[PDB]
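A.B. asks: Sharing structure_3.txt here; it has compact mmCIF, C-alpha atoms.
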# COMPACT_ATOMS: atom_id res chain seq x y z
CA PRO A 195 17.34 -13.88 13.79
CA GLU A 196 20.39 -12.93 11.71
CA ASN A 197 20.79 -9.14 12.10
CA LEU A 198 18.83 -6.35 13.83
CA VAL A 199 19.74 -2.68 14.42
CA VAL A 200 18.28 -0.85 17.43
CA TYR A 201 18.21 2.93 18.03
CA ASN A 202 16.62 5.54 20.32
CA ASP A 203 14.28 8.32 19.11
CA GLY A 204 16.10 11.15 17.34
CA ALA A 205 19.22 11.57 15.25
CA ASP A 206 20.54 8.05 15.89
CA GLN A 207 17.77 6.53 13.78
CA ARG A 208 19.54 8.21 10.85
CA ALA A 209 22.76 6.26 11.46
CA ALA A 210 20.82 3.04 12.16
CA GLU A 211 19.14 3.09 8.72
CA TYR A 212 22.54 3.40 6.98
CA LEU A 213 23.78 0.40 8.98
CA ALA A 214 20.58 -1.53 8.21
CA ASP A 215 21.08 -0.79 4.49
CA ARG A 216 24.59 -2.20 4.54
CA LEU A 217 23.55 -5.29 6.54
CA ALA A 218 20.28 -5.75 4.56
CA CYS A 219 18.29 -6.10 7.78
CA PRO A 220 15.48 -4.53 9.85
CA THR A 221 15.68 -1.67 12.36
CA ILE A 222 13.80 -1.37 15.66
CA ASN A 223 13.01 1.56 17.93
CA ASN A 224 14.35 0.84 21.42
CA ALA A 225 11.10 2.14 22.96
CA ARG A 226 9.30 -0.91 21.50
CA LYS A 227 9.20 -3.76 24.06
CA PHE A 228 10.78 -6.61 22.13
CA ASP A 229 12.17 -10.14 22.60
CA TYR A 230 15.81 -9.99 21.48
CA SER A 231 16.71 -13.53 22.68
CA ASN A 232 16.56 -15.19 19.24
CA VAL A 233 18.39 -12.54 17.21
CA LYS A 234 21.86 -13.68 16.20
CA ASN A 235 23.48 -10.23 15.88
CA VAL A 236 22.00 -7.27 17.78
CA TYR A 237 23.52 -3.92 16.78
CA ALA A 238 22.87 -0.74 18.78
CA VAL A 239 23.53 2.70 17.34
CA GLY A 240 24.22 5.65 19.67
CA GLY A 241 24.08 6.03 23.46
CA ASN A 242 25.37 3.57 26.07
CA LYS A 243 24.98 -0.19 26.55
CA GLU A 244 22.73 0.22 29.63
CA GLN A 245 19.99 1.69 27.41
CA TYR A 246 19.72 -1.51 25.38
CA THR A 247 19.01 -5.23 25.64
CA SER A 248 21.54 -7.52 27.33
CA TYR A 249 21.50 -9.53 24.07
CA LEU A 250 23.41 -6.63 22.45
CA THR A 251 26.37 -7.80 20.32
CA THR A 252 27.86 -4.58 18.98
CA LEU A 253 27.41 -1.00 20.14
CA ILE A 254 28.36 1.68 17.59
CA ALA A 255 28.34 5.11 19.25
CA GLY A 256 30.37 8.28 19.63
CA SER A 257 30.37 11.40 21.82
CA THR A 258 27.82 13.18 19.59
CA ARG A 259 25.21 12.44 16.94
CA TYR A 260 27.85 13.35 14.33
CA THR A 261 30.56 11.05 15.72
CA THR A 262 28.05 8.24 16.14
CA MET A 263 27.34 8.62 12.40
CA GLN A 264 31.08 8.68 11.67
CA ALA A 265 31.51 5.45 13.69
CA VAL A 266 28.78 3.73 11.66
CA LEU A 267 30.36 4.83 8.34
CA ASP A 268 33.74 3.60 9.59
CA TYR A 269 32.14 0.28 10.49
CA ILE A 270 30.44 0.03 7.08
CA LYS A 271 33.54 1.02 5.09
CA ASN A 272 35.83 -1.43 6.89
CA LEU A 273 33.66 -4.58 6.61
CA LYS A 274 35.35 -7.34 4.54
CA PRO B 195 9.62 -14.17 13.41
CA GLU B 196 6.52 -12.68 15.02
CA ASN B 197 5.92 -9.33 13.25
CA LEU B 198 7.75 -7.28 10.60
CA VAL B 199 6.65 -4.14 8.70
CA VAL B 200 8.03 -3.48 5.21
CA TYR B 201 7.91 -0.19 3.26
CA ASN B 202 9.38 1.46 0.14
CA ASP B 203 11.56 4.62 0.21
CA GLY B 204 9.58 7.80 0.83
CA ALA B 205 6.42 8.80 2.64
CA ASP B 206 5.29 5.22 3.37
CA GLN B 207 8.12 4.74 5.87
CA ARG B 208 6.23 7.29 7.98
CA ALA B 209 3.12 5.08 8.17
CA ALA B 210 5.24 1.95 8.69
CA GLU B 211 6.88 3.35 11.85
CA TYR B 212 3.46 4.11 13.39
CA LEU B 213 2.40 0.52 12.65
CA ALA B 214 5.68 -0.82 14.05
CA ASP B 215 5.11 1.22 17.24
CA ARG B 216 1.68 -0.29 17.75
CA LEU B 217 2.90 -3.84 17.02
CA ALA B 218 6.17 -3.36 18.99
CA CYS B 219 8.21 -4.78 16.12
CA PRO B 220 10.95 -3.93 13.59
CA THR B 221 10.62 -2.23 10.19
CA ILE B 222 12.52 -3.07 7.01
CA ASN B 223 13.17 -1.15 3.80
CA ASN B 224 11.92 -3.18 0.83
CA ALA B 225 15.11 -2.37 -1.10
CA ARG B 226 17.05 -4.57 1.36
CA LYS B 227 17.33 -8.15 0.04
CA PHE B 228 15.87 -10.17 2.90
CA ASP B 229 14.68 -13.68 3.78
CA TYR B 230 11.03 -13.33 4.81
CA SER B 231 10.33 -17.10 5.01
CA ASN B 232 10.53 -17.36 8.83
CA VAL B 233 8.54 -14.24 9.74
CA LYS B 234 5.13 -15.11 11.14
CA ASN B 235 3.32 -11.88 10.17
CA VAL B 236 4.66 -9.76 7.30
CA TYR B 237 2.96 -6.36 7.00
CA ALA B 238 3.46 -4.12 3.97
CA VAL B 239 2.60 -0.43 4.03
CA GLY B 240 1.78 1.41 0.78
CA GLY B 241 1.94 0.36 -2.88
CA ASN B 242 0.81 -2.96 -4.37
CA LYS B 243 1.40 -6.60 -3.44
CA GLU B 244 3.66 -7.23 -6.47
CA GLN B 245 6.30 -4.91 -4.98
CA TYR B 246 6.71 -7.11 -1.91
CA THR B 247 7.62 -10.62 -0.79
CA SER B 248 5.24 -13.51 -1.48
CA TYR B 249 5.35 -14.16 2.29
CA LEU B 250 3.27 -10.97 2.74
CA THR B 251 0.36 -11.42 5.18
CA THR B 252 -1.32 -8.02 5.25
CA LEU B 253 -1.05 -5.11 2.84
CA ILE B 254 -2.16 -1.72 4.23
CA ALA B 255 -2.31 0.84 1.41
CA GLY B 256 -4.50 3.54 -0.09
CA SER B 257 -4.64 5.61 -3.28
CA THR B 258 -2.21 8.23 -1.90
CA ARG B 259 0.41 8.66 0.81
CA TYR B 260 -2.30 10.33 2.93
CA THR B 261 -4.87 7.54 2.51
CA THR B 262 -2.21 4.91 3.14
CA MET B 263 -1.56 6.68 6.47
CA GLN B 264 -5.31 6.81 7.17
CA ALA B 265 -5.55 3.05 6.49
CA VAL B 266 -2.75 2.35 8.98
CA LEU B 267 -4.42 4.52 11.67
CA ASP B 268 -7.72 2.73 11.00
CA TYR B 269 -5.93 -0.59 11.38
CA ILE B 270 -4.26 0.53 14.63
CA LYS B 271 -7.43 2.02 16.13
CA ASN B 272 -9.57 -1.04 15.39
CA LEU B 273 -7.24 -3.75 16.80
CA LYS B 274 -8.79 -5.62 19.76
CA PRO C 195 8.37 33.11 5.11
CA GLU C 196 5.17 31.51 3.81
CA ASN C 197 4.87 28.15 5.62
CA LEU C 198 7.02 26.16 8.08
CA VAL C 199 6.23 23.00 10.07
CA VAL C 200 7.97 22.39 13.41
CA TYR C 201 8.16 19.10 15.36
CA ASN C 202 9.99 17.51 18.31
CA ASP C 203 12.26 14.43 18.02
CA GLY C 204 10.35 11.19 17.59
CA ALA C 205 7.06 10.07 16.10
CA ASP C 206 5.73 13.60 15.49
CA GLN C 207 8.28 14.17 12.73
CA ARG C 208 6.29 11.55 10.81
CA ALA C 209 3.10 13.65 10.93
CA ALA C 210 5.05 16.86 10.21
CA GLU C 211 6.42 15.51 6.90
CA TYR C 212 2.89 14.62 5.70
CA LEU C 213 1.78 18.18 6.54
CA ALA C 214 4.86 19.63 4.83
CA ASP C 215 4.05 17.57 1.71
CA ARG C 216 0.53 18.96 1.55
CA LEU C 217 1.69 22.55 2.16
CA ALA C 218 4.77 22.18 -0.13
CA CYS C 219 7.03 23.67 2.54
CA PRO C 220 10.03 22.93 4.78
CA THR C 221 10.10 21.22 8.19
CA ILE C 222 12.27 22.14 11.18
CA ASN C 223 13.31 20.25 14.30
CA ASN C 224 12.27 22.24 17.38
CA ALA C 225 15.66 21.55 18.99
CA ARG C 226 17.27 23.81 16.35
CA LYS C 227 17.55 27.40 17.65
CA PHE C 228 15.75 29.36 14.95
CA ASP C 229 14.36 32.83 14.19
CA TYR C 230 10.63 32.34 13.53
CA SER C 231 9.79 36.08 13.40
CA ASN C 232 9.60 36.34 9.59
CA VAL C 233 7.65 33.16 8.87
CA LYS C 234 4.08 33.90 7.81
CA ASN C 235 2.50 30.60 8.95
CA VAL C 236 4.19 28.55 11.67
CA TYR C 237 2.65 25.08 12.13
CA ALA C 238 3.52 22.87 15.09
CA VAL C 239 2.79 19.15 15.10
CA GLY C 240 2.36 17.29 18.42
CA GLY C 241 2.84 18.35 22.04
CA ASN C 242 1.74 21.63 23.65
CA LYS C 243 2.11 25.28 22.67
CA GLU C 244 4.63 26.01 25.47
CA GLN C 245 7.19 23.78 23.72
CA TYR C 246 7.23 25.98 20.63
CA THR C 247 7.89 29.53 19.43
CA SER C 248 5.48 32.33 20.36
CA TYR C 249 5.20 32.97 16.59
CA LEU C 250 3.21 29.71 16.35
CA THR C 251 0.05 30.05 14.20
CA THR C 252 -1.49 26.59 14.29
CA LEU C 253 -0.88 23.70 16.66
CA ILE C 254 -2.01 20.27 15.38
CA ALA C 255 -1.79 17.71 18.19
CA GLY C 256 -3.72 14.94 19.90
CA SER C 257 -3.48 12.86 23.09
CA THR C 258 -1.10 10.34 21.46
CA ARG C 259 1.25 9.99 18.51
CA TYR C 260 -1.59 8.22 16.66
CA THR C 261 -4.21 10.92 17.34
CA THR C 262 -1.72 13.64 16.46
CA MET C 263 -1.33 11.89 13.08
CA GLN C 264 -5.12 11.62 12.75
CA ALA C 265 -5.43 15.37 13.46
CA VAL C 266 -2.91 16.17 10.71
CA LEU C 267 -4.76 13.94 8.19
CA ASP C 268 -8.04 15.60 9.18
CA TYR C 269 -6.42 18.99 8.63
CA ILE C 270 -5.03 17.93 5.23
CA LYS C 271 -8.28 16.32 4.04
CA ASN C 272 -10.44 19.30 5.00
CA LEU C 273 -8.36 22.09 3.37
CA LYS C 274 -10.27 23.90 0.58
CA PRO D 195 16.01 33.10 3.97
CA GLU D 196 19.28 32.27 5.75
CA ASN D 197 19.77 28.50 5.31
CA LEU D 198 17.76 25.63 3.77
CA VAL D 199 18.73 22.00 3.09
CA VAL D 200 17.06 20.11 0.23
CA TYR D 201 17.07 16.33 -0.36
CA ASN D 202 15.35 13.66 -2.49
CA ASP D 203 13.25 10.79 -1.06
CA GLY D 204 15.32 8.04 0.52
CA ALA D 205 18.65 7.73 2.29
CA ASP D 206 19.78 11.30 1.53
CA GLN D 207 17.18 12.72 3.91
CA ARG D 208 19.28 11.11 6.65
CA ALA D 209 22.36 13.18 5.72
CA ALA D 210 20.24 16.32 5.23
CA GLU D 211 18.91 16.22 8.81
CA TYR D 212 22.47 16.03 10.22
CA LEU D 213 23.40 19.08 8.10
CA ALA D 214 20.22 20.89 9.19
CA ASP D 215 21.11 20.17 12.84
CA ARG D 216 24.55 21.71 12.45
CA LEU D 217 23.21 24.75 10.56
CA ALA D 218 20.13 25.10 12.85
CA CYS D 219 17.82 25.37 9.85
CA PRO D 220 14.89 23.70 8.06
CA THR D 221 14.94 20.85 5.53
CA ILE D 222 12.76 20.47 2.44
CA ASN D 223 11.86 17.51 0.25
CA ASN D 224 12.82 18.27 -3.35
CA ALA D 225 9.48 16.85 -4.57
CA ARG D 226 7.73 19.84 -2.93
CA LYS D 227 7.27 22.67 -5.46
CA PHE D 228 8.94 25.59 -3.70
CA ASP D 229 10.14 29.16 -4.29
CA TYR D 230 13.88 29.15 -3.53
CA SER D 231 14.52 32.71 -4.81
CA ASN D 232 14.65 34.38 -1.37
CA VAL D 233 16.77 31.79 0.46
CA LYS D 234 20.28 33.06 1.13
CA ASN D 235 22.05 29.67 1.28
CA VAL D 236 20.50 26.66 -0.46
CA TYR D 237 22.22 23.36 0.37
CA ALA D 238 21.49 20.17 -1.55
CA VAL D 239 22.42 16.75 -0.19
CA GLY D 240 22.98 13.82 -2.59
CA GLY D 241 22.49 13.43 -6.34
CA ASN D 242 23.42 15.94 -9.06
CA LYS D 243 22.85 19.67 -9.50
CA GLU D 244 20.33 19.17 -12.34
CA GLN D 245 17.87 17.62 -9.87
CA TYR D 246 17.69 20.80 -7.81
CA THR D 247 16.82 24.50 -8.00
CA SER D 248 19.09 26.88 -9.93
CA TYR D 249 19.30 28.89 -6.67
CA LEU D 250 21.46 26.06 -5.25
CA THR D 251 24.57 27.34 -3.42
CA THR D 252 26.30 24.18 -2.24
CA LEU D 253 25.87 20.58 -3.36
CA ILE D 254 27.16 17.94 -0.91
CA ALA D 255 27.10 14.51 -2.57
CA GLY D 256 29.20 11.41 -3.15
CA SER D 257 29.09 8.29 -5.34
CA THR D 258 26.84 6.43 -2.88
CA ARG D 259 24.48 7.08 0.02
CA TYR D 260 27.39 6.27 2.36
CA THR D 261 29.87 8.66 0.71
CA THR D 262 27.23 11.38 0.55
CA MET D 263 26.90 10.98 4.33
CA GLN D 264 30.70 11.06 4.70
CA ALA D 265 30.81 14.29 2.65
CA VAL D 266 28.23 15.92 4.94
CA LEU D 267 30.16 14.88 8.08
CA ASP D 268 33.37 16.23 6.51
CA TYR D 269 31.56 19.49 5.79
CA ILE D 270 30.20 19.69 9.35
CA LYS D 271 33.51 18.81 11.02
CA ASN D 272 35.53 21.34 9.00
CA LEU D 273 33.28 24.41 9.50
CA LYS D 274 35.06 27.23 11.41
Could you rewrite the structure in this file as structure tokens?
C.D. replies:
Amino acid sequence: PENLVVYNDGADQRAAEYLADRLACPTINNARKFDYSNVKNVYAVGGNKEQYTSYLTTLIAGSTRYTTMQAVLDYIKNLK
Amino acid sequence: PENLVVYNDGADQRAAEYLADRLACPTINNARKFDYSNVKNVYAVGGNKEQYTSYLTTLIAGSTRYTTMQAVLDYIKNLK
Amino acid sequence: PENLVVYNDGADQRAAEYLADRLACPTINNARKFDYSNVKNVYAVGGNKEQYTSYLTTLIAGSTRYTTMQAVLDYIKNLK
Amino acid sequence: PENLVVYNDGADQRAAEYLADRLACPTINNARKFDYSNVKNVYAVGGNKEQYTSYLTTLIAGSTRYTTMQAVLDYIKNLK
């Protein structure tokens, strides 16, 4: 209900756990059927918006697994 | 606010993700400072109760990483 | 060249890391193009044999992610 | 015997798996007692050299989990 990070099976879970560390919050596998309606900030890591809940707040993703990870690190480093 | 699974760095994350799959819920690393007061069911996987929040509901843990995993599988298999 | 554990993206990596702990060996993601010809024992965790190298020695897999994990634990517990 | 990536429990495994993807090779947990003498290139991700085998070839590590990950991405991106 404050922050949640969602990811799909595979390399993107890696990036998601780094984001979850910085935000001090939980992660969730997108394959798990879940009620996102009461989560304040829903972050998605990797892929496209259509894969995720319509309650998504922020998508962090690049062209590859490596650039998705770079995008997360950029996001983490530039938080104020 | 329904279910959350907490784990410590290492092998226990493995067991936690299996439990989170069965419960269709998020996981959280115990190193992340987090407010557990509004979570209905807090599950902890591995270790002892003193490592975790006082809002803990269910600890699933054995003597080793392998028996902790066995305990989680037992828990999953026997849910009705 | 003694032991190697191979897995596919997702839950099966979890089981593979438990097996790799017991065998004190490396793991490899099956998506990585790799030369298996010089590995003495090739273990695969989850799925079917057709997914993996023809140098496969032992497949440990069940009907589900949970029973694949059970099969690995059985294998670990019963080693002499 | 060509490439192997070693890591310690925790966040550094994340970076190690990205490196292993790029190099198409296995990963190994540093807690596993292992014979590194016949591996051509031994990569370590995170921490200091004293934690790892003396057969280590390349250490990729920063001041934090996040900068260790950045260092791996830099390494991956700049390979020719």
A.B. asks: Just checking: using all atoms listed in the file, which residue out of B:216, B:226, B:208, B:234 ends up closest to residue 260 (chain B)?
C.D. replies: B:208
A.B. asks: Please measure the separation of CA of residue 204 (chain A) and CA of residue 258 (chain A), giving the value in Å to one decimal.
C.D. replies: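 Atom-to-atom, CA of residue 204 (chain A) to CA of residue 258 (chain A), that is 12.1 Å.
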A.B. asks: I'd like a table as CSV: residues in chain D with an atom no more than 12 Å from chain B, each row giving the shortest atom pair and its distance in Å to one decimal, only C-alpha atoms counted, sorted by chain and rising residue number.
C.D. replies:
residue,atom,partner,partner_atom,distance
D:201,CA,B:204,CA,11.4
D:202,CA,B:204,CA,8.9
D:203,CA,B:204,CA,5.1
D:204,CA,B:203,CA,5.1
D:205,CA,B:203,CA,8.0
D:206,CA,B:203,CA,10.7
D:207,CA,B:204,CA,9.6
D:208,CA,B:204,CA,11.8
D:223,CA,B:204,CA,10.0
D:224,CA,B:204,CA,11.7
D:225,CA,B:204,CA,10.5
A.B. asks: Set the distance at 7 Å and use all atoms listed in the file: which residues neighbour region 248-255 of chain B once local chain neighbours fewer than 2 positions away are removed? I'd like the list as a list in words.
C.D. replies: residues 230, 231, 235, 236, 237, 238, 239, 240, 241, 243, 246, 262, 265 and 266 of chain B
A.B. asks: What is the CA of residue 256 (chain C)-CA of residue 211 (chain D) distance in Å, reported with one decimal?
C.D. replies: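 Computed distance, CA of residue 256 (chain C) to CA of residue 211 (chain D), equals 25.2 Å.
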A.B. asks: Could you tell me how far CA of residue 264 (chain D) sits from CA of residue 244 (chain A), in Å to one decimal place?
C.D. replies: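 CA of residue 264 (chain D) lies at a distance of 28.3 Å from CA of residue 244 (chain A).
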A.B. asks: Give the centre and edge lengths of an axis-aligned box, in Å to one decimal, that holds all listed atoms of region 220-233 of chain D with 6 Å on each side, as lines of an AutoDock Vina configuration file.
C.D. replies:
center_x = 12.0
center_y = 25.6
center_z = 1.3
size_x = 21.5
size_y = 29.5
size_z = 25.5
A.B. asks: Pick the closest to residue 233 (chain B) from A:268, A:261, A:220, A:214: which is it, counting all atoms listed in the file?
C.D. replies: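 The shortest atom-to-atom distance to residue 233 (chain B) comes from A:220.
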A.B. asks: Given only C-alpha atoms as the basis, pick out the residue of C:215, C:221, C:247, C:209 nearest to residue 263 (chain C).
C.D. replies: C:209
A.B. asks: When distances are computed from only C-alpha atoms, which of A:272, A:222, A:210, A:217 shows the smallest separation from residue 259 (chain A)?
C.D. replies: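 Of all the options, A:210 lies closest to residue 259 (chain A).
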